[PDB]
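Reading through the structure tokens given below for one structure.
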Amino acid sequence: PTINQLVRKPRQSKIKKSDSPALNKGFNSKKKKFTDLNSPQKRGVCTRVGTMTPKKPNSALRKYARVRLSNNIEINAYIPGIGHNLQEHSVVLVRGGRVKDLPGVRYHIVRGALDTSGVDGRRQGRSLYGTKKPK
Amino acid sequence: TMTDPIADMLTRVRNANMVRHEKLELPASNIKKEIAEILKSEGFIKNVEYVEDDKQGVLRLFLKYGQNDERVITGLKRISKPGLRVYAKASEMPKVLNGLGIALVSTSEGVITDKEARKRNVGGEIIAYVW
RNA sequence: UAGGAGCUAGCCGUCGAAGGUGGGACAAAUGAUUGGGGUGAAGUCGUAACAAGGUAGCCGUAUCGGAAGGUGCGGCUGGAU
RNA sequence: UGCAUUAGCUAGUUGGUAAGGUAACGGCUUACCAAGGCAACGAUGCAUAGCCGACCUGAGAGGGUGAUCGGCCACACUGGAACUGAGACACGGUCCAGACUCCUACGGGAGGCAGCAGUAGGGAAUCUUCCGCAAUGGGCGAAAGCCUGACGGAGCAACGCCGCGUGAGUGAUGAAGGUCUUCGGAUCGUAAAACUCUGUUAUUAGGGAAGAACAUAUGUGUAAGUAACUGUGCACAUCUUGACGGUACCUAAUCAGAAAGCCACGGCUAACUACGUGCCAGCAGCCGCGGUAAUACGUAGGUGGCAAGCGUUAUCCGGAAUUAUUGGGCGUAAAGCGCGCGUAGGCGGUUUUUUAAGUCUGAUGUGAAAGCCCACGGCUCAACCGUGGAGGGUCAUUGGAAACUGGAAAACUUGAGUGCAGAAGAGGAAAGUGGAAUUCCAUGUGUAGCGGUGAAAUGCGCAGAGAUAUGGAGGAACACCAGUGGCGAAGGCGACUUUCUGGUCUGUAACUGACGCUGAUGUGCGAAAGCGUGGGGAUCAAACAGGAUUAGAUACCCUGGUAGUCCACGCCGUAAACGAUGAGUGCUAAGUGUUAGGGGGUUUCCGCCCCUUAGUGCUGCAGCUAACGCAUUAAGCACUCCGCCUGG
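Note that the protein sequences, when read in sequence, are chains l and h.
Count along the first sequence starting at 1, add 1, and that's the number in the deposited numbering.
Count along the second sequence starting at 1, add 1, and that's the number in the deposited numbering.
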């Protein structure tokens, strides 16, 4: 590329693709508007868990979660933990992550927000919580 | 194509000095030959021999190189064209590479040179990066 | 009597958020509605192409195809015989 | 303002003259002015907007940065008319629509959170319908006053930390201590009981104290002193002052006292091997483990990396210049164009010469905070605050002058434009070279399977299908010239006499002075499948027939035959059009035999030898990428443009 006939367009770097539509979404209910304000506080509703009649060979027997927070908008997320109260009509909060031996699933649901269960089977990873922060 | 002889003729010369061809030709000129006169006085080459013709004649070149068959012609370049030049002044000019570089020379206030104006506060013009 | 000219009491035209009318636009639910892909054992098809994938053929290319596949005319090597 | 998957924008318009009015000045309206003016400078229009620093930060380049936080605009129930205070559309002004709110005893009235708290609410987030004007602040007011919801404070907090935090190891290694046993005494261990060394933080109980001074508060009287002492400033000095402190400082009261968890014990995770553990549970970060020998799932005494410590979540960057003048390339890889032909342009070659306008301003007044150098004070260190110089050495202000230029006067010629042979021309076309079996056999016949075919039947078979020639014609359709050859915008370009020989083409090039590549323009088509008329089923030909392999068709098989095939009137913008490789100036040791055109020697007997280039090929130097492999003619080298893309 030239420089003097480059004044019609500079020789520069490139641009961004789509990333995490849910992390940074909002909603204005005034005039059927649709907003964005970059907050982790965006909600949904607890619906479903399951799969369908295979074609590809991905072997895994673990929980699917079409399961979300207060106000309904359909997503595909994860319910961590084995003990869980996520059947219907739940409210939660969500953060990110993926533990191994899990195919493709890449988010979470925080424990003990509004309407879920707690963590039971781990006793050697003891002293978390970091803010109300004694020894 | 030869805004600089280092532009297109260097396609020939960079191999010509690999093969020790210590003499060549150049278009007739007065500033172009002046800068090579600076360089041969520095001892890049033997001497800028002179023109046979009048208008764009053959100025003879006589290119000495390093006694070790080495070449310190570390690139020299310019962009002259009707459409590309400096309609612009070295009433001040700095230097690069701690004064080792010595290259093209062109302006108008009062005769010094690229390396002969390193100290003036009305400098010169440097392009190459010699060391 | 300001009556003369006058402004309020009276008449000739102005916009005004407003107000409500009208046809388009966007939507959202979605309709005993509805097209593309992926996805989850692929049970559907041979390992269809990769060993000339069992027959080198190919590229634009009528062609039908639930899916690996096929037959027509112009350029081609991206081939063991 | 940014933005065409937003383009042709606009009409007293394009904003002087006369009337009018802004402290100023106007099409601001009017009698005149041109359809003009605005233009892919993407005007129009869409989106958006209070703006800067602010922070973080890529090597420097320097930048994204508004929450706060500071500065600079606009709005204060929405809106509309007027009034207005010098200015108001007014945070707490009228009439109002509007809207709701409340009231209604109906007769009508208005209200009116964007001060600052909290009220419903929410959240991860905003405290507390927080304190008082204590001080400072200012509007009006001598004096004096209030607003304080300004101001300062009270609580809030690893949002992020910080110093102290956890103080003493001596005598039995064993006074006592056990993940892993075909245990040895070492042993989380002179640790340990009990404390060598001790009295800080630790709580502490008060003397208490500074700060607590600033502001008047008193005439003794001074200054303004008015004709003069005086009311105010105030030398007196009556001693104030906290939205904070009987707490700090101190006695040391206090005692070895009143103050520490992480993934794991997995290769990389350093945290030990074990068991219930048998790819199960489930820990689970690059990746795992787990299947009768789990280190790992679960668990564990220690246990690891640092400690008020533990891991994450949105933002930027380290990571990774894996985001490129500086600090990307594009054949394959992130990417290089059927194509070429073209205007502005980018860049096309310059040889001279004048200006000082810019090409590290001279030196200084000279410089935004969490941010140009040092000094500081306080910070339990800190947590964090501020202060001065340097005010810079950073802009302004003064300068004029090379060997570029803008400007100014000359010409030259490689990138541009004018003879020639016209060789090959298939560039792409214009007239001739002017017609058969295959369709019946009418002359004449003679036969069963010609056939279709792997083998066969179909189609064809009796004029006797296929037959004969002077004779009887044509339906689609005119292979010499034979090597690594010549041309077009391409698709591509093929019979030849010829054409223009246009143009290549090399030998001459006879000659004015940058007159070009790519790229706004614009140039055309691009092959077929298919494509808008007679032909066309004549050939071929899908379909059908009809045949069947060996133990399988209607298929490899196809004549009759469906069109189609095809040429005299319309083309698409597609091919492995591939160069997977875009087109200008020139080389990269170069070589290489050669078509063309030439110089020729020798002329040969049209040939041997040298120079030759557009190429032609071949290799082959440098270079090239990972290698494929490219290269004097790229997949290199230094000057031109183009477009592509830096995840897909």
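Yeah, the Cβ is synthetic: ideal placement off N, Cα and C, and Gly gets one too.
Report buried or exposed for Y79(l), applying the criterion of at least 16 other Cβ atoms within 10 angstroms of its Cβ.
-> The residue is buried, with at least 16 neighbouring Cβ atoms inside 10 Å.
Output yes or no for whether 8 Å exceeds the beta carbon distance between residue 149(h) and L60(h).
-> Examination of residue 149(h) is not possible in this model, given that chain h is present from 2 through 132 alone.
Between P81(l) and the rest of its own chain, which residues show a CB-CB distance below 7 Å, the 5 nearest in sequence each way excluded?
-> Spatial neighbours of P81(l) in its own chain (CB-CB distance under 7 Å, excluding positions within 5 residues in sequence) are listed in chain order as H109, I110.
Same chain only: Cβ atoms within 6 Å of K26(l), ignoring 5 sequence neighbours per side | So the list reads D37, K43, once near-sequence residues are dropped.
What span of residues does the alpha helix (DSSP H) with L40(h) cover, start to end?
-> First-last of the alpha helix (DSSP H) with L40(h): 33 to 43.
What do you get for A114(l), buried or exposed, if any count of 16 or more other CB atoms within 10 angstroms of its CB means buried?
-> That one is exposed.
Just the C-alpha distance for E35(h) and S14(l), rounded to the nearest angstrom, thanks.
-> Each residue's Cα considered, the two are about 42 Å apart.
What is the DSSP secondary structure of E26(h), counted as helix, strand or coil?
-> Three-state result, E26(h): strand.
In whole angstroms, what is the alpha-carbon distance linking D115(h) and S21(l)?
-> CA-CA distance, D115(h) to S21(l), rounds to 58 Å.
Going by beta carbon distance, what residues of the same chain come within less than 6 Å of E53(h), once the five residues before and after it are set aside?
-> Taking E53(h) as the centre and dropping the five residues before and after it, the same chain places the C-beta of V59 closer than 6 Å to its C-beta, in chain order.
Sequence-distant residues of its chain with Cβ nearer than 8 Å to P95(h) (five each side left out) = The residues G124, in chain order, have a CB closer than 8 Å to that of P95(h) in the same chain once the five nearest residues on each side in sequence are set aside.
Put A17(h) into one of helix, strand or coil per three-state DSSP.
-> The answer is helix: DSSP assigns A17(h) an H, G or I state.
For the candidate residues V106(l), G105(l), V120(l), whose alpha-carbon lies nearest to that of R112(l)?
-> Nearest of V106(l), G105(l), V120(l) to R112(l), Cα basis: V120(l).
Please classify residue 141(l): does DSSP put it in a helix, a strand, or coil?
-> Nothing about residue 141(l) can be reported from this structure: the residues present for chain l run from 2 to 136 only.
Quick one: what's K82(h) bridged to in DSSP?
-> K82(h) pairs with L85(h).
Excluding the five sequence neighbours on either side, which residues of its own chain have a C-beta within less than 7 Å of the C-beta of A91(h), listed in chain order?
-> Cβ neighbours of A91(h) beyond the five flanking positions: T108, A118, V123, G124, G125, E126.
CA-CA distance, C47(l) and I16(l)?
-> Distance between the alpha carbons of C47(l) and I16(l) is about 36 Å.
For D102(l), which of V68(l), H85(l), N59(l) has the nearest alpha-carbon?
-> Selected option, being the one with the closest Cα: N59(l).
Whole-Å CB distance - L62(h) paired with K24(h), under 8 Å assumed = The Cβ separation is near 6 Å, so the contact holds.
According to DSSP, which residues form a beta bridge with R61(h)?
-> Bridge partners of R61(h): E26(h).
Could you say which of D116(l), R123(l), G97(l) lies nearest to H90(l) if we only look at CA atoms?
-> Checked all of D116(l), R123(l), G97(l); the closest Cα to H90(l) is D116(l).
Helix, strand or coil: which one does DSSP assign to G51(l)?
-> DSSP places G51(l) in coil when its eight states are reduced to three.
With a CB to CB cut of under 8 Å and the five nearest residues on each side skipped, what residues in its chain are close to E93(h)?
-> Taken in chain order, the residues that qualify are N122, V123, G124.
Classification of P6(h) by the beta-carbon crowding that lies within 10 angstroms, buried from 16 upward | Buried is the label assigned to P6(h), since at least 16 other Cβ atoms lie within 10 Å of its Cβ.
Which whole-angstrom value is the C-beta distance of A29(h) and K56(h), which I expect to be below 8 Å?
-> At roughly 7 Å, the Cβ-Cβ gap stays under 8 Å, so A29(h) and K56(h) are in contact.
Near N48(h), which residues of its chain fall below 7 Å by C-beta distance, leaving aside the five closest residues on each side in sequence?
-> Only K41, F63 meet the Cβ criterion.
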